[PDB]
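See below for the structure under consideration.
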Amino acid sequence: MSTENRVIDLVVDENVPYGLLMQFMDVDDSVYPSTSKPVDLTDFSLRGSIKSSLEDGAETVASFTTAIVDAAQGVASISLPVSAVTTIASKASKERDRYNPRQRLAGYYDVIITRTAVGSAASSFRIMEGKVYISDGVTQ
Amino acid sequence: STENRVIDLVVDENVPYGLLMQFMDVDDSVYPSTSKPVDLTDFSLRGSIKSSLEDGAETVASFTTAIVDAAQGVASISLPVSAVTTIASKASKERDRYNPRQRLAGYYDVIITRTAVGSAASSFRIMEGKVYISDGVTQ
Amino acid sequence: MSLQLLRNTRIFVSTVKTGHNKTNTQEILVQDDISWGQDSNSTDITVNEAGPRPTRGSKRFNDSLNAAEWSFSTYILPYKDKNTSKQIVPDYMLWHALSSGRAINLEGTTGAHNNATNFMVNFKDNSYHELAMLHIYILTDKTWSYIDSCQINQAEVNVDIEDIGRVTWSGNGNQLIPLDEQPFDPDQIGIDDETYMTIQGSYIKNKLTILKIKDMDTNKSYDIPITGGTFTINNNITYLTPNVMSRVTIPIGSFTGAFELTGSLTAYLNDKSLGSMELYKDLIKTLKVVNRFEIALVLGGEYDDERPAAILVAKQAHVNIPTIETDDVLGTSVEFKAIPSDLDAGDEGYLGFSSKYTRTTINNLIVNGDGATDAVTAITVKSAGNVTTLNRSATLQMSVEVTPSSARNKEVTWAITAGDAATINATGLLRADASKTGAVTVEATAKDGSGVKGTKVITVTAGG
Amino acid sequence: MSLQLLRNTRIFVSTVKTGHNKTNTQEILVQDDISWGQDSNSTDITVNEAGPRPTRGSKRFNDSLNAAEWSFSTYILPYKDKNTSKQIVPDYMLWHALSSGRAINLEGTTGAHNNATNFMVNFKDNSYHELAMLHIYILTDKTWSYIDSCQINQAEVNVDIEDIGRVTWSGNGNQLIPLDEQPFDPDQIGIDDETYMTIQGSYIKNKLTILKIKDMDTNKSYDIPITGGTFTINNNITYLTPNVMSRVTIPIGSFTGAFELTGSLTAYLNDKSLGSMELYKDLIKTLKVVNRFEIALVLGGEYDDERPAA
Amino acid sequence: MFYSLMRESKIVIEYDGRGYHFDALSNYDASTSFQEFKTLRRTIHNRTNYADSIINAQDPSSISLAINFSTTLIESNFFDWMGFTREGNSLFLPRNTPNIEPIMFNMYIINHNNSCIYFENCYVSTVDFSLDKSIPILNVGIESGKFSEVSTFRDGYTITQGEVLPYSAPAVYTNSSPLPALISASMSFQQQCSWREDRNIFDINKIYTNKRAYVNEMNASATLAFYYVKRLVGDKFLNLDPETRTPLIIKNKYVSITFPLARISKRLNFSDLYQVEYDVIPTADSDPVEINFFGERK
Amino acid sequence: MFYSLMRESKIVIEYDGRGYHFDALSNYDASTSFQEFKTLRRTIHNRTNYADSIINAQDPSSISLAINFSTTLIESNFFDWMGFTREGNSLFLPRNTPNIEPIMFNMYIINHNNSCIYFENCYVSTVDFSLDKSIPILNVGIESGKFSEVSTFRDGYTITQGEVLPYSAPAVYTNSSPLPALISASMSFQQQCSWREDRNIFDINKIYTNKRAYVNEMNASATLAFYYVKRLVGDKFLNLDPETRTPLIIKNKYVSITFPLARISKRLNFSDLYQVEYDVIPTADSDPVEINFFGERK
Amino acid sequence: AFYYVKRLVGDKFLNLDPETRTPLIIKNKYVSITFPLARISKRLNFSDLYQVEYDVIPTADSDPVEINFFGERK
């Protein structure tokens, strides 16, 4: 009955690899209390992309590298290497904000988890969405 | 709590600078928070002082990292008096509002790093902020 | 032993109280309506008894001094100086202290900064509790005086047709101080005859006033011949004075209020297409809480040959619901206010002054923000190899040609508008498929906001 | 492509928004001082910080529309019409909407009702929260417009000697609506030359103004030659508009206030019997909390032969 | 950065999995706060100056909305959620409170840039509107247990309030005999619930939020203001005597609150013009109080 | 029908069978109300929503009159009715309260068309007037037990207040030495009675009205406001020390309140111009407090 | 007293959650009150422009609260 929070804004650090890991857990409310079992990520793949705008025809700033850490514990990690961080930093907006000159808007990102197989239905699902920001660094 | 990486350094003119970081790992599960210090193995810190955040900015100076007493977690970041003079040379002539002795010299950030402790380059930024030169009178 | 006349007053604007040179102080050509002064507050303590033989006596105490008031009017007189060859208005530091709170830097890109094409003022850097600080120096005949630590409160500009373009300045100072000795030689700092000739060569006449208004929510440009108007740049600066019972006090510091860029524009009702009547009817029919209008008031007119002009641009403006002003000839009033996209973004509007505005220069000032940066004027989209059609399952990577050839932003976006028989990417590589037997279109628009259209009707068929 | 002049304005008063005929709409002969319009309210939201580098930006919202204001002046022009042979004033529905809140019925005995002798207006039936409802139609040159659901707020009558008898109307409407198409042919509904001649035959001159004042507590009629005066019929009508934060709003309904019939009469002091001096001295000598006077202001004068009068 | 303007907001009430976006909102007021346990342990050893304060609970929020009447009558759901039984477009005050706990619902206060404040476990505790010579408006008062900040939300695109109803003068009747010289008819309805605080030792080192509540009572009330008017000497209909049972109805063109039997108490004020004031409550055995909602044309 | 205007009214006080029409009345305020017993019998069987309210008593009325001083001095009867003993035109504050119960009288508030409100079992409970630089006026406060509506009444055609007394500046003396720099002399007199509620089980199903009352105490008080004035350094006459017993008189051209021995407490305010404030009450063994009423020419 | 300002969606630095211990300083050009560790409670008002209100007190084990008095030039 409560609300979800699909909109998440990420903040990356320039010159540093960014690593985010998501855990999918099955839940239920019954006579016995909340029973949680990790979701088995088999045939589950992720794919995320970043563009500088929502409107059609937006320039693709970069794309995220997807991997699954532990299927039994239902843990998947979505991250990008340091070179991708530099690429996004180059393509970010040059407009600074006072009280914190570090952060600059980089664009919008989405993540779809999908399960593709002959017996599996062609079902996709946008797990998250939001904007990507950059914390500019001076080292390196 | 939350995040407090942003702290500004005020270095003194004509005086060598040295900062002593007692790395620590507090956990608030138990009401008296655990005072366990992190153990400094396979750790290196890197920090450069660069005027402004724009790309291609000239490197005003570079921090000199010291790792001592790894067991109890403490560490030192420092730079010689010559580095202090080089920083003070390029500092802006406009003085800070709250202190008429400080002048903005640039930006900085130090980055911890694990080098293949588990075949992973787990390097993340520790702190950040602005470096301020405080004009001296002795010399 | 002498009387002082107002006609012999000379006003100098300074940023320094010592070391006065030609880059810190210049004379400001003022008019008859110049005024300055400082008022004082007092109080009367009176005993209020009720019995017979009551005490009837008062007593006065000086308790505080008010902030000094000054005001004067000047002509908008853009010109180019021989030293730097960059268009500059003589009272440029007034514009800077109005626009931004940083040190003056005409080479920069915020506040009052000039160029080889035009003099520009933008309010992108006015987020300060104490804007650039001036010192008005007043010279009446022989005696000197000045107001200490002034701040430009506002600048009134009245669009009064059959009159010359003029701006009225107002502000406040900490204290008016009379000076017995000459601060600087007014003969040297004051403007000489050569620059006076150069200035009087360029005058802005309020009669030749064209206005450019466009509804950003509907893309409808209106043709409104103005009758009279005014716009203000207001800072709402309030001066703080301490309260001390034992000694009189003068203001110590100030704090800028809310930056307002409002206006009011009167015009007659026109039944012609895209006239005043259409704008009034659209505004009273929509009845919207918020409006997005682009307003570009161009004092001095637009012409192919070089003419002086002063331009106010409001990118995202807010227009009040108009009212009909019943006179011998029916009219209306278009009261507007330039609001920013975000509160802490500034950029509510900007101004461009120059004695050399060709129509293209003001157009690219309006659409690009600078008179020197060229802007695209027209586009015809080009296919890959002068191709006129396409068949099923065939690519068409279309290109673009733009005019002028020196526009700063030569890029375009891509879109499909009419028909559903193809798809286009960011680069422009149009792609189709089978079962596409309809006529589809392709469009392109520039990223500088010029409003240029690139269209082509490609006759995609089912193939041979 | 045309400019519109105020001199070509023509005003029609209607009780219906459709089916306009000669019994629902008539032209009202207005003067130079005619005016109409509608104002809008707004608001500025400004951030008021105290620190260094404060935010200096504002924002405007249209929040509501005010009630439409209209006003015009007309000459008091009684005459008899050929169709009914009953004395009637051309702007009679204005008088009715001022007087009573019921449907117009000139055959009745309340509000604006006429006769073979005179046209009469009494306020015996004005106990209504919403008086008779009009619709002012404005024709400037070629374009049309009208104010929706008007109400007669007041009627100013200024007794200005060496001038003609005139009445100034004021009121409010829900909304001013511009009409692109012609509602009704103004040539037919507008007054023709015959009734214009009949009207201009009868004019009321404020100079020939006799006043009849009598103290009902003492039975003392006074002879007061007037110098200048005015009387008002006021309804104190207030228009209610709803407050909605998301959308602009126009007034929705109204409510009549307290009906006031005041006046002011200036005259010179006369030492003659039953003059101004006697009235002034009696009034300042009695010093009574309440007075019972009979006042009959007769514009246009009284004469043995037939004369126009209000 | 992003400032939050009240005028640029949207209030959506989430009930039964459907979003009731309440447009035609004149003004709303809300606040959020936390409860602290601040004790100062001054001892003979150390007469300290620094307190021991820990935040352990969320103070319940008190949200008040002012909503204009609308043609689609979404605002009657506030009576529906507050406990009234429904038949057609008329709301009955039940003889007995139906359930122990009130009807709980969530509420969103949307703003630009995915900003939102999420009030949960809300219940309608007060609804009162004054039928007067100004446009009627009902001020509802809801109390929340838990407030939160969320990124995505529920926005009532379809379920919304229509155009505001035009003003119409109120009139109060006894059966069908009008009561003369009305000034201001104010109606009040309440669901005086109470939070059941169940903060226990298992919630130590955690923030507690109220979750469950019970209804102490429901009631319908009205205060009528008249001018002291008498038509006869020693009149029987209009006087100051109390009326144990009398049928009353406060009628409008769009709403009519009916008391099948009413207990009226009168109060005379010797003001500039004498005013009498009624205090109308339903009797013990009176039939359920009616509240009709007529959109247009009754 | 007939509306009731305050300006068109006449207040007549009925004492001893004679009507004291108190003209020169600046303003009066009054209210009438009833007492209810409203209980809600919510049970586990039926958690009802309808209360059990019965009107069983009339709440005592609190009528306040503001009366200008007059040349015929009818207003001194308020001191006479409140308990002061009379000798000539001077009213004494008795050493002991004479009777247990106050002096009861009825009061009418007449209006046009035979309309009236009849307050019964009234007593004067407060009288205070401020001698100041404005026209003096004494606000009397009476409490009623029973209010009623009557057709015919008592109207004081003859017994009426004359012309208002012209203003005269107040002056306060000690013996015959004037006290300088007076601002506002305010005098207060009270008869702090209390209603004896005797509502019993024989009054069930009936409306009860208070009938009998007893005097808790009478007192005379005055608050004097001066400007802090000193004539000498270390002055003895004018200072801030309390004065256990000192003869005081607040004198006017038409009234003079005398304290044969007074207990004065002083209070200094550091305002724009320093002001001292006295608190004058008669001592334990002081002679009766005098209140003289001079019509004209003393 | 602040204005309710957020820079990100789901921001961590600026929110309504209580802060058990955080170093705070209310600084001026002539005075600076320092709380080495502070207990902050937040309160949001849905006024014309949303305002948040803090309630800053020093913690139990916080170092002494500083009050500096700078005459001129710090």
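Chain labels run A, B, ... following the order of the structure tokens; each chain numbers its residues from 1, and ligands are numbered from 1 in the order shown.
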Inset, instruction - Quick one: everything within 10 Å of residue 263 of chain F, counting only C-alpha atoms, minus sequence neighbours fewer than 5 positions away in the same chain. Send it as JSON, numbers by chain. - result: {"F": [242, 243, 244, 245, 246, 247, 248, 278, 279, 280, 281, 282, 283, 284, 286]}
Legend entry - Residue contacts of segment 36-39 of chain G (8 Å, only C-alpha atoms) excluding same-chain residues fewer than 3 positions away, as an NGL selection string: (:E and (53)) or (:G and (18-24 or 55-59 or 62-65))
Legend entry - Shell around segment 82-97 of chain D at 9 Å using only C-alpha atoms, local window under 5 positions removed, as number ranges by chain: D: 13-15, 24-29, 74, 76-77, 102-104, 111-121, 131-134, 151-152, 155, 169, 195, 199
Would you save the residues of that selection, restricted to N, CA and C atoms, as a JSON list (two decimals), in the first residue's frame?
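Everything below was put into again_6.json:
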```json
[["chain", "number", "residue", "atom", "x", "y", "z"],
["D", 13, "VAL", "N", -28.55, 47.53, -23.25],
["D", 13, "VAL", "CA", -28.83, 46.89, -21.97],
["D", 13, "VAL", "C", -29.82, 45.76, -22.22],
["D", 14, "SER", "N", -29.46, 44.56, -21.76],
["D", 14, "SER", "CA", -30.25, 43.37, -22.04],
["D", 14, "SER", "C", -30.50, 42.60, -20.76],
["D", 15, "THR", "N", -31.61, 41.86, -20.75],
["D", 15, "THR", "CA", -31.91, 40.91, -19.69],
["D", 15, "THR", "C", -31.74, 39.46, -20.13],
["D", 24, "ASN", "N", -36.42, 43.36, -24.79],
["D", 24, "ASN", "CA", -35.35, 42.90, -23.91],
["D", 24, "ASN", "C", -34.09, 43.75, -24.00],
["D", 25, "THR", "N", -33.86, 44.43, -25.12],
["D", 25, "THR", "CA", -32.66, 45.23, -25.32],
["D", 25, "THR", "C", -33.04, 46.58, -25.88],
["D", 26, "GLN", "N", -32.46, 47.65, -25.33],
["D", 26, "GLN", "CA", -32.53, 48.96, -25.96],
["D", 26, "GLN", "C", -31.18, 49.64, -25.83],
["D", 27, "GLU", "N", -30.88, 50.51, -26.79],
["D", 27, "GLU", "CA", -29.67, 51.31, -26.72],
["D", 27, "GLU", "C", -29.77, 52.33, -25.59],
["D", 28, "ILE", "N", -28.64, 52.58, -24.94],
["D", 28, "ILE", "CA", -28.53, 53.58, -23.89],
["D", 28, "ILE", "C", -27.61, 54.68, -24.40],
["D", 29, "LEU", "N", -28.13, 55.90, -24.48],
["D", 29, "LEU", "CA", -27.37, 57.04, -25.00],
["D", 29, "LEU", "C", -26.35, 57.46, -23.95],
["D", 74, "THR", "N", -25.93, 59.32, -18.50],
["D", 74, "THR", "CA", -27.04, 59.48, -19.43],
["D", 74, "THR", "C", -27.90, 60.66, -18.99],
["D", 76, "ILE", "N", -31.46, 62.43, -18.25],
["D", 76, "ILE", "CA", -32.83, 62.10, -17.85],
["D", 76, "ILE", "C", -33.76, 62.64, -18.92],
["D", 77, "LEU", "N", -34.38, 61.75, -19.69],
["D", 77, "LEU", "CA", -35.13, 62.13, -20.89],
["D", 77, "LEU", "C", -36.49, 61.45, -20.91],
["D", 102, "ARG", "N", -37.27, 41.72, -9.07],
["D", 102, "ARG", "CA", -38.23, 40.87, -9.76],
["D", 102, "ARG", "C", -38.17, 41.12, -11.27],
["D", 103, "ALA", "N", -38.86, 40.26, -12.01],
["D", 103, "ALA", "CA", -38.96, 40.44, -13.45],
["D", 103, "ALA", "C", -39.68, 41.76, -13.76],
["D", 104, "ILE", "N", -39.23, 42.42, -14.83],
["D", 104, "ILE", "CA", -39.76, 43.73, -15.16],
["D", 104, "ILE", "C", -41.22, 43.61, -15.57],
["D", 111, "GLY", "N", -41.25, 48.73, -8.23],
["D", 111, "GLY", "CA", -40.11, 48.94, -9.11],
["D", 111, "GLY", "C", -40.43, 49.96, -10.18],
["D", 112, "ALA", "N", -39.85, 49.76, -11.36],
["D", 112, "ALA", "CA", -40.04, 50.67, -12.49],
["D", 112, "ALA", "C", -41.34, 50.30, -13.20],
["D", 113, "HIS", "N", -42.35, 51.14, -13.06],
["D", 113, "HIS", "CA", -43.63, 50.95, -13.72],
["D", 113, "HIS", "C", -44.15, 52.30, -14.20],
["D", 114, "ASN", "N", -44.74, 52.31, -15.39],
["D", 114, "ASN", "CA", -45.15, 53.53, -16.05],
["D", 114, "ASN", "C", -46.66, 53.70, -16.00],
["D", 115, "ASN", "N", -47.14, 54.75, -16.67],
["D", 115, "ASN", "CA", -48.55, 55.11, -16.65],
["D", 115, "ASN", "C", -48.80, 56.07, -17.80],
["D", 116, "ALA", "N", -50.08, 56.36, -18.03],
["D", 116, "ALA", "CA", -50.45, 57.34, -19.04],
["D", 116, "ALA", "C", -50.10, 58.76, -18.64],
["D", 117, "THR", "N", -49.71, 58.98, -17.38],
["D", 117, "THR", "CA", -49.36, 60.29, -16.87],
["D", 117, "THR", "C", -47.87, 60.47, -16.62],
["D", 118, "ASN", "N", -47.22, 59.49, -15.98],
["D", 118, "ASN", "CA", -45.82, 59.64, -15.63],
["D", 118, "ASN", "C", -45.18, 58.27, -15.47],
["D", 119, "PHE", "N", -43.85, 58.27, -15.51],
["D", 119, "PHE", "CA", -43.05, 57.08, -15.25],
["D", 119, "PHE", "C", -42.56, 57.13, -13.81],
["D", 120, "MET", "N", -42.74, 56.03, -13.08],
["D", 120, "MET", "CA", -42.50, 56.01, -11.65],
["D", 120, "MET", "C", -41.57, 54.88, -11.26],
["D", 121, "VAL", "N", -40.74, 55.14, -10.26],
["D", 121, "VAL", "CA", -39.81, 54.15, -9.72],
["D", 121, "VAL", "C", -39.87, 54.19, -8.20],
["D", 131, "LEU", "N", -30.62, 41.48, -7.27],
["D", 131, "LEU", "CA", -31.60, 42.28, -7.99],
["D", 131, "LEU", "C", -31.73, 41.83, -9.44],
["D", 132, "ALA", "N", -32.61, 42.48, -10.20],
["D", 132, "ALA", "CA", -32.80, 42.14, -11.60],
["D", 132, "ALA", "C", -31.46, 42.17, -12.34],
["D", 133, "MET", "N", -31.24, 41.16, -13.16],
["D", 133, "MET", "CA", -29.92, 40.88, -13.72],
["D", 133, "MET", "C", -29.86, 41.34, -15.17],
["D", 134, "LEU", "N", -28.88, 42.17, -15.49],
["D", 134, "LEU", "CA", -28.72, 42.75, -16.82],
["D", 134, "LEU", "C", -27.48, 42.20, -17.49],
["D", 151, "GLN", "N", -24.99, 44.00, -12.45],
["D", 151, "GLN", "CA", -25.93, 44.48, -11.46],
["D", 151, "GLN", "C", -25.70, 45.97, -11.24],
["D", 152, "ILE", "N", -26.79, 46.72, -11.13],
["D", 152, "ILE", "CA", -26.71, 48.17, -10.99],
["D", 152, "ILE", "C", -26.30, 48.49, -9.56],
["D", 155, "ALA", "N", -26.63, 54.82, -8.76],
["D", 155, "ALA", "CA", -27.01, 55.80, -9.78],
["D", 155, "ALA", "C", -26.80, 57.19, -9.19],
["D", 169, "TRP", "N", -24.50, 56.14, -13.98],
["D", 169, "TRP", "CA", -24.70, 54.76, -13.55],
["D", 169, "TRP", "C", -23.36, 54.10, -13.28],
["D", 195, "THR", "N", -38.11, 58.54, -32.51],
["D", 195, "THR", "CA", -38.02, 58.59, -31.05],
["D", 195, "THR", "C", -36.91, 59.52, -30.60],
["D", 199, "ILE", "N", -37.56, 62.41, -27.94],
["D", 199, "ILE", "CA", -36.75, 62.57, -26.74],
["D", 199, "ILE", "C", -36.16, 63.97, -26.66]]
```
Inset, instruction - Go through A:69, A:89, A:122, A:27 and flag the residue nearest chain B, using only C-alpha atoms for the distances. - result: A:89
Legend entry - Backbone DSSP call of strand (DSSP E or B) for segment 4-136 of chain E, listed as a ChimeraX atom specification: /E:5,9-15,18-21,25-29,31-39,52-59,62-68,70,85-87,90-92,96,105-111,115-131
Near residue 66 of chain A, within 8 Å and counting only C-alpha atoms, which residues show up once chain neighbours fewer than 6 positions away are dropped, as an mmCIF file with N, CA, C and O atoms, in the first residue's frame?
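Saved as result_39.cif:
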```
data_model
loop_
_atom_site.group_PDB
_atom_site.id
_atom_site.type_symbol
_atom_site.label_atom_id
_atom_site.label_comp_id
_atom_site.auth_asym_id
_atom_site.auth_seq_id
_atom_site.Cartn_x
_atom_site.Cartn_y
_atom_site.Cartn_z
ATOM 1 N N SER A 45 19.662 -10.150 -16.435
ATOM 2 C CA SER A 45 20.693 -9.225 -16.882
ATOM 3 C C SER A 45 20.212 -7.793 -16.684
ATOM 4 O O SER A 45 19.010 -7.514 -16.661
ATOM 5 N N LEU A 46 21.173 -6.888 -16.538
ATOM 6 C CA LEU A 46 20.905 -5.468 -16.384
ATOM 7 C C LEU A 46 21.501 -4.712 -17.561
ATOM 8 O O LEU A 46 22.386 -5.210 -18.258
ATOM 9 N N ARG A 47 20.995 -3.501 -17.783
ATOM 10 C CA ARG A 47 21.556 -2.626 -18.809
ATOM 11 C C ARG A 47 21.113 -1.200 -18.530
ATOM 12 O O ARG A 47 19.913 -0.933 -18.400
ATOM 13 N N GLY A 48 22.072 -0.294 -18.414
ATOM 14 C CA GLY A 48 21.776 1.098 -18.126
ATOM 15 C C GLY A 48 22.539 2.031 -19.037
ATOM 16 O O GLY A 48 23.673 1.750 -19.424
ATOM 17 N N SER A 77 25.363 -5.979 -9.002
ATOM 18 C CA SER A 77 26.119 -4.742 -8.900
ATOM 19 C C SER A 77 26.067 -3.995 -10.223
ATOM 20 O O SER A 77 26.262 -4.584 -11.290
ATOM 21 N N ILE A 78 25.726 -2.706 -10.156
ATOM 22 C CA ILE A 78 25.691 -1.857 -11.385
ATOM 23 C C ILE A 78 26.710 -0.735 -11.189
ATOM 24 O O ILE A 78 26.546 0.051 -10.239
ATOM 25 N N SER A 79 27.732 -0.672 -12.046
ATOM 26 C CA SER A 79 28.808 0.327 -11.834
ATOM 27 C C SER A 79 29.459 0.716 -13.163
ATOM 28 O O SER A 79 29.044 0.174 -14.204
#
```
Inset, instruction - With a cut-off of 8 Å and counting only C-alpha atoms, select all residues of chain E in contact with chain F and give the selection as a ChimeraX atom specification. - result: /E:94-97,217-219,227-231,233-234,242,244,263,265-274,282-286
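Interface residues of chain C facing chain A, defined by any atom at most 7 Å away and using only C-alpha atoms, are residues 413, 414, 425 and 426 of chain C.
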Output the selection as a PDB file, in the first residue's frame - N, CA and C atoms for each residue.
```pdb
ATOM      1  N   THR C 413      19.110  19.424 -34.078  1.00  0.00           N
ATOM      2  CA  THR C 413      18.509  18.204 -33.568  1.00  0.00           C
ATOM      3  C   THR C 413      17.710  17.533 -34.681  1.00  0.00           C
ATOM      4  N   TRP C 414      17.237  16.315 -34.423  1.00  0.00           N
ATOM      5  CA  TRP C 414      16.521  15.548 -35.432  1.00  0.00           C
ATOM      6  C   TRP C 414      15.202  15.057 -34.852  1.00  0.00           C
ATOM      7  N   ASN C 425      17.921   8.853 -35.561  1.00  0.00           N
ATOM      8  CA  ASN C 425      18.759   8.833 -34.371  1.00  0.00           C
ATOM      9  C   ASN C 425      19.313  10.230 -34.102  1.00  0.00           C
ATOM     10  N   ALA C 426      20.207  10.322 -33.114  1.00  0.00           N
ATOM     11  CA  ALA C 426      20.821  11.604 -32.783  1.00  0.00           C
ATOM     12  C   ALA C 426      21.666  12.130 -33.940  1.00  0.00           C
TER      13      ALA C 426
END
```
Produce a table with one row for each residue of chain G that has an atom at most 7 Å from any atom of chain A, each row naming the nearest atom pair and its distance in Å at one decimal; use only C-alpha atoms; arrange rows by chain and rising residue number; format as CSV.
```
residue,atom,partner,partner_atom,distance
G:8,CA,A:9,CA,6.4
G:9,CA,A:9,CA,5.6
G:10,CA,A:8,CA,6.6
```
Counting only C-alpha atoms, what are the residues of chain A within 10 Å of chain B, and for each of them which pair of atoms is the nearest and at what distance in Å, to one decimal? Sort the table by chain and rising number, as a tab-separated table.
```
residue	atom	partner	partner_atom	distance
A:13	CA	B:125	CA	7.9
A:14	CA	B:125	CA	9.5
A:15	CA	B:124	CA	9.2
A:16	CA	B:124	CA	6.3
A:17	CA	B:123	CA	7.7
A:18	CA	B:124	CA	8.9
A:19	CA	B:122	CA	9.8
A:89	CA	B:55	CA	9.7
A:90	CA	B:55	CA	8.6
A:94	CA	B:54	CA	8.9
A:100	CA	B:6	CA	9.5
A:101	CA	B:53	CA	8.1
A:102	CA	B:53	CA	7.6
A:136	CA	B:53	CA	6.8
A:137	CA	B:109	CA	7.0
A:138	CA	B:50	CA	6.1
A:139	CA	B:48	CA	5.3
A:140	CA	B:48	CA	8.0
```
Could you write out the selected residues, including C-alpha atoms, as a PDB file, in the first residue's frame?
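Saved as part27.pdb:
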```
ATOM      1  CA  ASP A  13      33.253  11.067  -7.925  1.00  0.00           C
ATOM      2  CA  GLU A  14      35.591  12.216 -10.684  1.00  0.00           C
ATOM      3  CA  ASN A  15      38.787  10.178 -11.190  1.00  0.00           C
ATOM      4  CA  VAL A  16      37.365   7.403  -8.969  1.00  0.00           C
ATOM      5  CA  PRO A  17      35.506   4.222 -10.007  1.00  0.00           C
ATOM      6  CA  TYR A  18      31.836   4.190  -9.010  1.00  0.00           C
ATOM      7  CA  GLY A  19      30.296   1.020  -7.614  1.00  0.00           C
ATOM      8  CA  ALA A  89      32.863  14.388 -16.425  1.00  0.00           C
ATOM      9  CA  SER A  90      33.942  15.785 -19.797  1.00  0.00           C
ATOM     10  CA  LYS A  94      29.698  23.565 -17.113  1.00  0.00           C
ATOM     11  CA  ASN A 100      29.244  23.566  -3.450  1.00  0.00           C
ATOM     12  CA  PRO A 101      31.121  24.114  -6.740  1.00  0.00           C
ATOM     13  CA  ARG A 102      31.906  20.384  -6.945  1.00  0.00           C
ATOM     14  CA  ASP A 136      34.579  17.086  -9.619  1.00  0.00           C
ATOM     15  CA  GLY A 137      37.990  16.143  -8.267  1.00  0.00           C
ATOM     16  CA  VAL A 138      41.398  17.770  -8.699  1.00  0.00           C
ATOM     17  CA  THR A 139      43.669  14.785  -8.093  1.00  0.00           C
ATOM     18  CA  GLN A 140      44.576  12.905 -11.286  1.00  0.00           C
TER      19      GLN A 140
END
```
What's around residue 62 of chain A at 8 Å? Count only C-alpha atoms, leave out sequence neighbours fewer than 4 positions away in its own chain, and write the answer as a compact mmCIF listing (two decimals) with C-alpha atoms, in the first residue's frame.
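Okay, this is what ended up in result13.txt:
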```
# COMPACT_ATOMS: atom_id res chain seq x y z
CA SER A 49 22.50 4.15 -20.25
CA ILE A 50 23.04 7.86 -19.57
CA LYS A 51 21.93 10.73 -21.80
CA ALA A 84 33.69 6.15 -18.00
CA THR A 87 34.03 10.54 -20.02
CA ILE A 88 30.89 11.63 -18.17
```
Inset, instruction - Residues of chain C near chain F: apply a cut-off of 9 Å, count only C-alpha atoms, and supply the list as a list in words. - result: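 Close to chain F, chain C has residues 45, 46, 47, 48, 49, 50, 51, 52, 54 and 55 of chain C.
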Inset, instruction - For atom CA of residue 397 of chain C and atom CA of residue 422 of chain C, quote the distance in Å rounded to one decimal. - result: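 Those two atoms sit 11.9 Å apart.
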